[PDB]
Amino acid sequence: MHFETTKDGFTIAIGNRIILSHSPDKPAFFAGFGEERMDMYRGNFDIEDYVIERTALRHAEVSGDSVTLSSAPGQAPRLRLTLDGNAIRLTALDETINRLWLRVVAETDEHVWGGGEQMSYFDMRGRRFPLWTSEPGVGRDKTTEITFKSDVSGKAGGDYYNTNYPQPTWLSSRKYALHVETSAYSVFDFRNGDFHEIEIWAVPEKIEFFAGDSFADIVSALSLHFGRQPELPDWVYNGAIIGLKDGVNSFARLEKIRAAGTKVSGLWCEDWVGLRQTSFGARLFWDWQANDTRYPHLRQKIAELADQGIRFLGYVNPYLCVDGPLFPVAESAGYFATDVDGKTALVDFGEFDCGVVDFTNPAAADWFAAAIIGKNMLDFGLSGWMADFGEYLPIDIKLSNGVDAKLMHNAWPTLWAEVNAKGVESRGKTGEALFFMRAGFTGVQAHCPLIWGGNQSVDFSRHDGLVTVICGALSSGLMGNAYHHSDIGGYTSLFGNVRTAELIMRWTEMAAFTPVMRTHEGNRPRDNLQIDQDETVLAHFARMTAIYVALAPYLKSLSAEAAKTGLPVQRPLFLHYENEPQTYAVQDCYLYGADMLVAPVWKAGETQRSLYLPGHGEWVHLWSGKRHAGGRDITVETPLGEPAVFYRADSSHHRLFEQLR
Ligand SMILES: O=[N+]([O-])c1ccc(O[C@H]2O[C@H](CS(=O)(=O)O)[C@@H](O)[C@H](O)[C@H]2O)cc1
Ligand SMILES: [Cl-]
């Protein structure tokens with residue numbers, strides 16, 4: 001990167017792209033001090049800053065191979081800037097600073113994407129995005145009654161910016177990416193036309209830059225920096241992972257699903273550990289071993305299923321309930337985070353308390369990986385699991401490494417991902433065992449093989465329904481997570497919001513053109529329609545699983561590309577159609593690899609779908625074989641069973657796509 005003096009200050013560029021511009025009248029950096037409030041209630045945070053100082057660093061001077069910045073001439077410098085390859089390193093010279101703002105040069109028509117897994121807005125331009133892992137919210141839109149009710153009853157509605165997986169990384173339409181190396185609270189402010197502003201509640205070690213001739217090349221570079229995932233295991237291609245939580249009755253319902261012709265790769269029973277009924281619904285018993293009361297012959301059932309070519313998956317998270325038998329084992333070994341007095345810190349998860357396994361203590365992390373992931377899960381015969389949570393570290397607890405919980409909070413999902421990966425690696429099953437996370441932060445990419453979109457409401461809402469999954473996939477894919485999926489039919493049923501047949505079927509239609517089809521009974525299984533309970537829904541589901549299986553050779557080539565190049569399986573239109581600027585904000589269609597275009601129906605009652613077909617070639621409608629020229633809007637019929645999916649006539653996979661007609 002290139003530092004250049006000007007009349008009154010300096011610029012820093014990557015290539016011909018100016019990134020920072022400083023003068024006394026238009027400073028690049030501001031420094032100061034704040035006292036935050038961050039109140040936690042069941043993984044929801046009410047965050048408010050009290051800024052005591054925000055002071056422009058107007059005065060720059062060269063000092064060896066660095067620049068120092070002070071408030072004004074004749075004042076002691078507060079910040080040092082040092083160029084180091086593709087990074088700007090920052091050193092706090094005034095050790096009182098706990099707030100830093102940095103302005104980066106922006107253009108009027110510029111788009112910015114990333115920010116981790118964003119659930120509402122893909123193109124972040126025009127809005128402000130705090131980056132703090134938490135519950136994403138139920139409803140996530142202060143104008144909906146679901147959100148309002150969630151806020152009033154449990155401070156749980158959230159808003160457009162909340163996510164289980166924030167990351168302080170952006171990709172700019174100017175063909176560079178920026179990454180802030182920090183775990184502190186930070187904010188991306190894209191409200192101004194002429195600059196982007198980053199707020200950090202720390203002076204980060206460095207800010208790193210990635211450039212390239214194409215967006216694809218920059219995503220490759222990012223994925224190499226954060227780490228790539230293994231290829232999907234071959235067993236996944238046998239069909240859907242059926243999610244049931246009905247104890248021994250799960251087996252009979254699976255047989256019913258199978259009798260309809262459904263292609264099944266796995267049975268996922270999150271209640272393998274037992275249930276705990278709460279006011280929220282049928283939650284799980286958070287003690288990570290097979291529960292003989294709920295599944296008295298589970299090991300035998302796993303072997304029966306294996307003989308039928310079906311794997312078995314469970315559930316785990318990084319907390320232990322106080323009333324479970326593992327809790328005193330962990331407490332006795334000193335493996336829990338502590339409170340200010342050195343006692344085990346108890347966290348309320350909603351009508352039950354848990355200890356937090358302290359992964360900053362290497363012995364605790366090793367115990368979790370060896371005893372739970374290794375012995376209780378993999379050695380018990382699980383091929384995979386939901387690896388849940390990560391987003392709830394309160395900021396008033398004490399960690400074994402002595403690092404403030406305010407800094408460890410965002411790091412937690414990555415530490416948790418690493419515990420899972422180490423367990424898997426200790427059994428030689430990297431690339432074969434499949435665990436999936438909803439929570440993330442910088443670095444989760446290297447350890448987690450598959451993301452899921454967390455809890456959507458069981459609806460077609462704009463800010464917590466079906467369509468938000470696509471936003472999540474697109475954003476997280478640019479950040480180097482190649483594989484994304486969602487709960488078919490959503491999760492959260494509260495305040496009378498329950499599934500419909502149509503919702504399930506539309507969600508299944510999308511899921512068949514993603515890496516993994518997986519169902520979930522949700523928080524209130526008997527209040528919500530499940531895939532086995534309606535003949536039409538089940539037959540539609542079976543058919544969609546057959547389509548997914550017929551498409552597996554294509555999906556498998558996309559997984560190979562993901563390993564070779566880092567490119568996500570679900571890509572935004574602009575990644576392959578860079579010279580069509582009007583595509584740059586599209587977030588409800590994706591390219592499934594380079595050769596298929598998918599435009600999910602995300603509203604009730606729709607019989608048709610309108611969308612933009614890009615490029616100058618031909619697109620072939622998957623169900624009819626009708627060809628259409630690229631470069632225009634079209635409207636196609638989308639009855640249930642026939643989502644709006646097209647393939648490139650030029651595709652090397654055309655013979656396969658022709659089969660689906
Ligand atoms: O705050 N809550 O009450 C809360 C409840 C459920 C939550 O969902 C998470 O945890 C569920 C298990 S459990 O119900 O908390 O035991 C799983 O079935 C979901 O797939 C997962 O996303 C997450 C949070
Ligand atoms: Cl309710």
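Numbering (my numbering), first residue to last: 1 to 661. Built from N, CA and C at the ideal position, the CB exists for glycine as well.
Candidates the options: closest to residue i by CA position
i      : options                        : result
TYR165 : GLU304, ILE200, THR278, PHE389 : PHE389
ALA333 : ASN44, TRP623, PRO362, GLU618  : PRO362
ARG627 : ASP650, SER400, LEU474, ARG543 : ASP650
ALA482 : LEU567, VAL458, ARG438         : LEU567
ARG89  : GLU36, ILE207, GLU561          : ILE207
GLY15  : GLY85, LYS26, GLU53, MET40     : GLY85
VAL340 : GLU117, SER21, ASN376, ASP404  : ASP404
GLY522 : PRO136, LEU284, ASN249         : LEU284
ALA364 : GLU351, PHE352, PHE327         : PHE327
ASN44  : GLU391, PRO204, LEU93          : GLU391
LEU20  : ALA72, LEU81, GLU36, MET40     : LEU81
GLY266 : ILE310, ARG299, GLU304, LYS256 : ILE310
Reduced DSSP secondary structure (H/G/I, E/B, other) of residue i
i      : result
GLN587 : coil
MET124 : coil
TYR491 : coil
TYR50  : strand
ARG655 : helix
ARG276 : strand
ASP534 : coil
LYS626 : coil
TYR165 : coil
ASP39  : strand
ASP217 : helix
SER476 : helix
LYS245 : coil
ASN410 : helix
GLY374 : helix
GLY454 : coil
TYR335 : coil
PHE389 : coil
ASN420 : helix
Buried or exposed (CB count within 10 angstroms, at least 16 for buried), residue i
i           : result
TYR50       : exposed
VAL138      : buried
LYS564      : exposed
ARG58       : buried
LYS343      : exposed
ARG632      : exposed
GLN456      : buried
residue 662 : Past the edges of the chain, shown from 1 to 661, lies residue 662, and the structure says nothing about it.
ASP532      : buried
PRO614      : buried
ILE52       : exposed
Inter-residue spacing [alpha-carbon to alpha-carbon] between residue i and residue j
i      : j      : result
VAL236 : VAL516 : 7 angstroms
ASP366 : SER400 : 14 angstroms
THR143 : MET124 : 20 angstroms
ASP595 : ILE372 : 41 angstroms
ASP323 : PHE251 : 28 angstroms
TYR548 : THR508 : 10 angstroms
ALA550 : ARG127 : 41 angstroms
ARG524 : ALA184 : 36 angstroms
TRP602 : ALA87  : 41 angstroms
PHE195 : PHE33  : 22 angstroms
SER134 : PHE380 : 32 angstroms
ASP534 : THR500 : 11 angstroms
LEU575 : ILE302 : 42 angstroms
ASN497 : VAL458 : 7 angstroms
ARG103 : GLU199 : 9 angstroms
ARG140 : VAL62  : 47 angstroms
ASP39  : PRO130 : 15 angstroms
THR262 : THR360 : 44 angstroms
Residue i: CB within 6 angstroms of a non-hydrogen atom of ligand 3
i      : result
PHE495 : In the structure shown, ligand 3 is absent; the only ligands present are ligand 1 and ligand 2.
Cutoff 7 angstroms: residue i Cβ touching any chain B Cβ
i      : result
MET544 : The structure shown contains no chain B; it holds only a single protein chain.
Quiz item: With contact counted as at least three CB pairs below 8 angstroms, one residue from each stretch, are the stretch 451–463 and the stretch 403–420 in contact?
Solution: Cβ pair count under 8 angstroms is below three, so no.
Exercise. Say whether the stretch 515–534 touches the stretch 479–499, bearing in mind that this needs 3 or more beta-carbon pairs closer than 8 angstroms, one atom from each stretch.
Key: yes
Quiz item: Are three or more beta carbon pairs between the stretch 111–127 and the stretch 577–585 nearer than 8 angstroms?
Solution: yes
Self-check item: the stretch 174–185 / the stretch 149–163 touching (three or more Cβ pairs under 8 angstroms)
Solution: Between the stretch 174–185 and the stretch 149–163 there are fewer than three inter-stretch CB-CB distances shorter than 8 angstroms, so the stretches are not counted as touching.
Practice problem: Check whether the stretch 637–646 touches the stretch 587–607, taking contact to mean three or more Cβ pairs, one atom from each stretch, closer than 8 angstroms. | Solution: yes
Quiz item: Are the stretch 222–236 and the stretch 272–281 in contact at 8 angstroms, needing three or more beta carbon pairs?
Solution: Cβ pair count under 8 angstroms is below three, so no.
Quiz item: Hey, is the stretch 310–327 in contact with the stretch 284–291, meaning 3+ C-beta pairs nearer than 8 angstroms?
Solution: Counting Cβ pairs under 8 angstroms, three or more are found: they touch.
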